[PDB]
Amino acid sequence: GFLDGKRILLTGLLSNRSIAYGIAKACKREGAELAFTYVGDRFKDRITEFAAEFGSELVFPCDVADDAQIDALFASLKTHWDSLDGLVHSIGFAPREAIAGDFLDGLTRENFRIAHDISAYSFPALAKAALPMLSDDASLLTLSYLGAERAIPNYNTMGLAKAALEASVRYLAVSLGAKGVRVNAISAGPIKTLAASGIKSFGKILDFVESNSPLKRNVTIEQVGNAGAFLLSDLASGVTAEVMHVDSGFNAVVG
């Protein structure tokens, strides 16, 4: 495949419906060696099964809230890999009331801090931590959503963080571009995942996109996965600082 010999670290793989899971499957198919992260002592079993499922024994704990675990992540990976080719940032979180009902109702300084801490800062944080062992043609990938660019019901505080996330894609691309590293994001359409359950009336969003998107259909973690695999490969060596919509074209219309 077009990822033969590429070593890729994936975050955010929580279940077999996770976006990170879709990307992992596509990357393995295209011939990459994978490494995974998990959050919390408990999930170690579930993620190891997933890793083994993709032919990997490399799993590392990393709660992006903790600077310690982040530095430890790449110190540990370095004992197995001396060169990192790909990094998949598929991580997001906000207190649930900050993504429910009215934007102001759920707004608190703490909710704001957490949402941006975990959903935005973590990307460039991981990048900075990985820099020393990044190959010269390395590719960094993150996941964003249309809510960053336009106001979407219930998305609220998460929207602000995503806007920051996308801005970081650009500033990262400039900082790491000299070395030859590319940084991109995929703005994915709605997908029924674990995290998606916390967004109020997510079903309304799925129905609406299926009805109004140009392709009249929702996207899959396979379609997002393939797009991700492409951006991580040398096929996209001309692409950086890009926010690529994988949403059946929904962003481009007025529903």
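Heads up, when I say rigid core I mean the largest set of C-alphas that superpose within 1.5 Å between the two forms. Numbers follow the displayed sequence, beginning with 1.
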With the rigid core as the fit reference, the stretch showing the greater C-alpha departure in 8 other deposited structures of this protein, 188-196 or 27-35, is 188-196
Averaging C-alpha B-factors over each stretch, which comes out higher, 42-50 or 29-37?
-> 42-50
Entry-level comparison of average CA B-factors, 223-231 and 56-64, reporting the higher stretch = 56-64
Of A148, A72, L126, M133, which one's C-alpha B factor is largest in the deposited record?
-> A72
Determine, from the deposited record, the chain-internal third of the Cα B-factor for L176: lowest, middle or highest.
-> lowest
Third of the chain's Cα B-factor distribution that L9 belongs to, per the entry | highest
Relative to the other modelled residues in the chain, which third contains the C-alpha temperature factor of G92: lowest, middle or highest?
-> highest
When the modelled residues of the chain are sorted by Cα temperature factor, does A241 land in the lowest, middle or highest third?
-> lowest
Lowest, middle or highest third of the chain for the C-alpha temperature factor of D105?
-> highest
